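Undergrad: Below is the structure I would like to discuss, written out as structure tokens.
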Amino acid sequence: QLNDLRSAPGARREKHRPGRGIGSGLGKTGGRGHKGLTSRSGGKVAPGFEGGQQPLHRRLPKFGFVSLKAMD
Amino acid sequence: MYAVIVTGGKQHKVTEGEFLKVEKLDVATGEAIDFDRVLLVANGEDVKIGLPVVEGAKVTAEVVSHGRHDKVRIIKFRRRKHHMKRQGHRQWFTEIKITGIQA
């Protein structure tokens, strides 16, 4: 019966909508907090950026070499 | 004829005939109840009080019905702090009737 069947308990969840009500828990901010960068539209911190300290991938020396012959 | 019986952690002013509302007790509908927790018994003018409980005296009552009287509301609100919470409540009761007083 197509009127009958349904999936397993826990297999589907329901995509919490931020910004509705006060009882739901996510209202009026959506889990972001207050003023700042990670609170605005496109508050993306660039990956690897530290804040102005010299990052890891620009303090350590290059040391590789890729031969050619492990391609065969 | 007035007694002071103690039903549910509180006492009453019972003079017979008594459509009287009590908090809910564990008995069916149409059964007789004896109250052995009577504190003073008066008759005409003849009035005696119990050192804690007066001896021998009983009040016979029987259950008319059960029900649930009210609908009270609860609002826990805090201004300016993004918090509000509501809840309903209806309390059980038991209407009895005294066919009682025994000195």
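Residues are referred to by chain and number: the chain letter is A, B, ... according to the order shown in the structure tokens, the number counts from 1 in that chain, and ligands are numbered separately from 1 in the order shown.
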May I ask you to extract the residues of chain A within 9 Å of chain B, using only C-alpha atoms, and to give them as a PyMOL selection string?
TA: chain A and resi 22-23+28
Undergrad: Quick one: distance from CA of residue 31 in chain A to CA of residue 46 in chain A in Å, one decimal?
TA: 20.4 Å
Undergrad: Quick one: of B:34, B:21, B:5, B:66, who's nearest to residue 53 in chain B, counting only C-alpha atoms?
TA: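 Result for the nearest residue to residue 53 in chain B: B:5.
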Undergrad: Would you work out the distance separating CA of residue 70 in chain B from CA of residue 24 in chain B, expressed in Å to one decimal?
TA: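 Distance reported for this atom pair: 14.4 Å.
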Undergrad: Please list as a list in words every residue within 10 Å of range 72-74 of chain B, counting only C-alpha atoms and excluding residues in the same chain fewer than 5 positions away.
TA: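 Within the cut-off, the hits are residues 85, 86, 87, 88, 89, 90 and 91 of chain B.
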Undergrad: From the set B:71, B:93, B:55, B:77, which residue has the shortest atom-to-atom contact distance to residue 26 in chain B, counting only C-alpha atoms?
TA: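 That would be B:93, the residue with the smallest distance to residue 26 in chain B.
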Undergrad: Under the rule that only C-alpha atoms are counted, which of B:58, B:68, B:12, B:37 is the nearest residue to residue 94 in chain B?
TA: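 Distance minimum relative to residue 94 in chain B lands on B:68.
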Undergrad: So that I can check the surroundings of residue 11 in chain B, please list as JSON, numbers by chain every protein, DNA and RNA residue that reaches within 10 Å of it, counting only C-alpha atoms and ignoring chain neighbours fewer than 4 positions away.
TA: {"B": [3, 4, 5, 6, 7, 37, 38, 39]}
Undergrad: Interatomic distance between CA of residue 30 in chain B and CA of residue 54 in chain B?
TA: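 A separation of 27.5 Å between them.
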